[PDB]
Structure formats: C-alpha cells, structure tokens
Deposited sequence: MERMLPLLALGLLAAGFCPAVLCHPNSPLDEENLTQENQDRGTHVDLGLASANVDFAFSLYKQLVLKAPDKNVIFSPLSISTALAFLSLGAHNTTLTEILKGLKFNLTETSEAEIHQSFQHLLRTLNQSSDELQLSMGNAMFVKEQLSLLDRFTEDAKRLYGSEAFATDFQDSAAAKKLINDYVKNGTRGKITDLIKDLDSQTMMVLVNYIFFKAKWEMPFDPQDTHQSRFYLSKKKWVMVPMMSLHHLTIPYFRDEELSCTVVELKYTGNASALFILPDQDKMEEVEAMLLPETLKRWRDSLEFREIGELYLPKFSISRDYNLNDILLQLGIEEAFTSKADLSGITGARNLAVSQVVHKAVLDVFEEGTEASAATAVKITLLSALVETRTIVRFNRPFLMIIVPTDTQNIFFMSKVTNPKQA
C-alpha cells in the first residue's frame, strides 16, 4: 500500500517542481522526501497530521499513521540490510530551536525508527548557524554535498534538511575508453558540448510508445534496483509530462521487452541541485505546519514551533561504471527523464529531468 502512495506523492511533487521551473534541470529523491515528511509527521497532532497524511495520498480510513511509520521503518531496515554492491545512503535530519526544549522521547523515537538525530541549534546569529549546519552535513556524508543551506532568515523557528547520495554500479558497465564528446541538442537549433558514453551489441529492455510519443529504456544496477530512462521525441516532452502518471509507469514496467539494440549513447552527467520545498509543499497540500499553527506537540509538547525551511538536495552521478567512476540506435542527445526504481516493487528512489547536461 505504501508503494503506490509514494509514487503518487513523488510524481505530484515532480509536477509541481516542473511547474516552478519549466526548463531547468530537475533532480530530487522521492524516497528521501517522503521519509522526511513522515519524520515531520512523527511530531504532528490534531489536523496537522491529517493534512500531512492527506499528502502522499494516504487514505486514513483504511491505513493508520502507525502502520505507515512501521512500513517506513521496515523499508529503511531492508535498504540498510543490502550489501556493498548497491548502497542508497540517505540521512535526513531535523533541526530544533535551542531556546525551547526538545523532547527526549521524540529524539529516541527518531533514532530508533527513522535513524535521524536532532539537537538544539544555536540559531542565534544565523550567520554562525549556517556554518554549524553546513559542518554537520559535511561530517555526515563523505563529502558529496556541501553548502546545503543557502541562507537563513533571522529568528527561524525550524529548518528541515534532507540529503541523499546514490552509490550503484551498472549491470552493463560503460567503457570509459569509448566515451565521445558529442553534441547535446537543447532545442531544434541549440546544442551544447557534453561527453556521452557508448555501448554496442547489448540487450536491454526497450519500449517505443507509438501512442505516447516517447522511448523508454531500462538500465539495471548490480543490486536489486534499476533505472528507467525516458527519451521523448522532439518537441514532445510537455505532452509526455502531461500524460505522465503512475498509471503510465505501471504500463511501462509491464511492457519492458529485451531488444538487440545496436548502439546506446548516454550523457556523462552528475546532476546536483538544492531545492527549498516551502512553496512546493504549500502548493502540494501541506500548509498549516508552515504558518505558525503547526501544532507539532510531538516535537516539544508546546506547539510553539513551525517548520520554516524544508530544503532538499539530491546528488547523483551517472558515469561509466556508476557513481565515482575511476540495428536499433538510441541516442540521448535530447532532454530526457530518469526514474530509479527497484525491480521487485514500484518505489522511486530518484526521479530526474535532464535538459542541459552542462549544468
């Protein structure tokens, strides 16, 4: 039940992000954002929890919030049970105002269920608070993400931080010695220089949608997950987005057939963007938690705090041998989509839109 809900929440979020940036590169981790939203919900009460759960398409008449938290904990445990071949490390955390005492029980619950940890933050002199949070997140990851918080307003009650960095290896690793510097077409007559990677005489799932005007190819990773690449035709990406639904993702994954594709070309890009989810989540359907009426009695027990900044950065590398690199012709010289899902169940690890690989 959690899979479809996560897909729907992720995809509405992606639609809103596109609405806020029609052509800019889009990258975000659906699983991390959903987990952070549930982490925020862990301290919610009254109608704030029901509003946070109206998002992500949770039908509360059937599924309760406790089962949702249990399912999230189970998913995190399963992901952390994976071996070194595939690792998806996400470590989102929430920062609390130091002038108001945090709840010890909530800290224990966060540590035991979502693995996140929270502490009092010296938000006085926010110029120093930016340095503190940046140092914390730099110590957290190995160094993938830096300068996560762009700025902090004076006397911000709360900030929510969500970060992720994928680490996987292609099932069919690209040969670095065959990487060619070719042209990537921004538009009909606009192109930019970016390296692309090539293969030959390989068999991957492939589907051409003659009724949706797009091409989808599946590239799998050495672990239990895989990636979906979507290559819409020229001047048809908006139609693809308009007719893009989980109803379509289901059909795509149930219509992936192996094909003897001659050559496949994929850009060598490592997208990395930060996203402030204030207005995005406000338009998504959660509003009460941001306007000094959060009623987050689980956080401290005094409803005196509201979330002010939900800033997310999802970093990801598409290189020859996966992250941190050391017949039918398919060429990704056009703006294209990217969906990363496990094969066993539908759940979007990463959803991306690439338009200008140079940036």
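**Gaps in the model, given as deposited-sequence positions counted from residue 1** = Gaps vs deposited seq, in order: 1 to 47, 374 to 389, 423.
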